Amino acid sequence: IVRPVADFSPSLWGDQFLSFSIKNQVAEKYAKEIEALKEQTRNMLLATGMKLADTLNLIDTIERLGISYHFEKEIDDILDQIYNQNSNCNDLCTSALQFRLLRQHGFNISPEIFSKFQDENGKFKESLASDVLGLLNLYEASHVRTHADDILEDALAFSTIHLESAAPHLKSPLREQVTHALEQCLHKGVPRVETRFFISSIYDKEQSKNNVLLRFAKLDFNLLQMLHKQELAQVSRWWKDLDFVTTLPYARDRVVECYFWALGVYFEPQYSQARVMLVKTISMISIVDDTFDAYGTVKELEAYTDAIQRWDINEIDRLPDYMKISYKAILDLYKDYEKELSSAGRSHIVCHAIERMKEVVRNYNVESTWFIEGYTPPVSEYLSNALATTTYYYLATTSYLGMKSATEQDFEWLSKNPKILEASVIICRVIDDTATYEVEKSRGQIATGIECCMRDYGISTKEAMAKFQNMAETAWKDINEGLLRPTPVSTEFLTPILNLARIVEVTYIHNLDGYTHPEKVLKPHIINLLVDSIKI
């Protein structure tokens, strides 16, 4: 059997993450100071007699600085007061911020707050074109709409063209903030990534900055980074002791990138165990993907798929030696999860992730059959298979394993493919397809998303990529709707799904496969989050 030639890049990190020794002296000092700063900041929030605009800017700044996870109760109480009092008597920048903050937190504030900023025709008054802070906040708000917000249909175009016009002549750091916003809006960005930029590039350089908030944000970010580095070291050692880098040379060596994914899903300390479980799953399923995509024969893939369905170590002998390596590693991993969850009596929930993995592999095999037969399915049939092969139903289910408060009813809800999960999956599917279209087309993949779309509807590549763009936009509106109260499960279990959608946007920014080619997109993010501390 002549296998295809290896074409992937090696890990660009080597062993620089393998050993990290925390400095307990520094960490304990940081934490001791943070406690003091945390309380000063709390008192800023609970301060009475604040104006609406000041209150919203405080909350907004604390969220962008990445320290709002300390104040979820206080921020919620305040936004709930604002929601229920109905203040319709403000300028564009306060109104747009009010809208965004409330919607992001699930409060269904009416989009009619914007009608006073539009003419009889529902288009924004062009007299607002000289209000840069108004335009910036309108811009950020435009990314949070649902299907019920067509009054905002013009907001993105309007704010974008006038921010571009104004940008070159703005003072710093406002100019940099506007320029950054036009490249990456806040709502669709990975939170740690946006936080790092905000602290270091914007707030640190604001003439008006609050010194207590800035120091708090820097210390907290650097302290959490220490934890992230310990987790990455622990995960790097686990990966090294599996040694797929040499026993399975056909596969992408990307455990750091996988960690960045898990860090994107949640960054907070209480999700430390959840992050480590998640990244191990991402790494492992990525090995299975490459086995199907760039190494295994049709016959070998069949045995592998069936062994996975039966899920039994007795089945290894049906497999070629190299497949025994991945298969035992997979079964062992899930036995590890089971033991790791035994202490809390949550072992039984592991079977939910296992059934989602079986689903991914069945659909991998189908995709392989299609490729060999040269089948180009209709879009409907294509998606019925290719949605699961994003792995996103599987990763979402996996993200719950290490979350201490996840109950069986939470898994029961997820298992029904609720709309917010379906939307996140769809976003990953159509963006990946738009980006990897050309590459897969050159490798003989006639069953690629865009191709199925072109053939089905009888339309050009351009028209099909536009249709996929529309599906992404529709899905973002569904994600935004799915955050609105009353939520079907706790918000804590929605945020990982939202964050998975965000990781897509960030990873495939400017239409490139950032996981396969980490050097362009992911490398600076990894350095900013996991190598370089913010200088105080």
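Definition used throughout: the rigid core is the maximal C-alpha set that superposes within 1.5 Å between two forms. So that there is no doubt, residue numbering starts at 1 and follows the sequence shown.
Remark: when the other structures in 6 other deposited structures of this protein are fitted onto this one via the rigid core, 88 to 96 deviates more than the alternative among 208 to 216 and 88 to 96, judged by RMS CA distance. Relative to the displayed structure, the C-alphas of 434 to 442 lie farther away on average in 6 other deposited structures of this protein than those of the other candidate, with 434 to 442 and 407 to 415 compared after rigid core superposition.
When the two stretches 66 to 74 and 506 to 514 are set side by side, the higher mean Cα temperature factor goes to 506 to 514. Looking at 197 to 205 and 86 to 94 together, the entry lists the larger mean B-factor for 86 to 94, computed on C-alpha atoms.
The maximum CA B-factor among the listed residues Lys324, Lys229, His143, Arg103, taken from the PDB record, is found at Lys324.
Residue-level inspection of the entry shows that, of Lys188, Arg215, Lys419, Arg310, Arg310 has the top Cα B-factor. Among the modelled residues of its chain, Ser172 has a C-alpha B-factor that falls in the middle third, as given in the PDB entry. Split the chain's modelled residues into thirds by C-alpha temperature factor. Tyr457 is in the highest one. Ranked by Cα temperature factor within the chain, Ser130 sits in the middle third according to the deposited record. Placement of the Cα temperature factor of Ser490 within the chain: middle third of the modelled residues, per the deposited record. Among the modelled residues of the chain, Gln469 sits in the middle third by CA temperature factor in this PDB entry.
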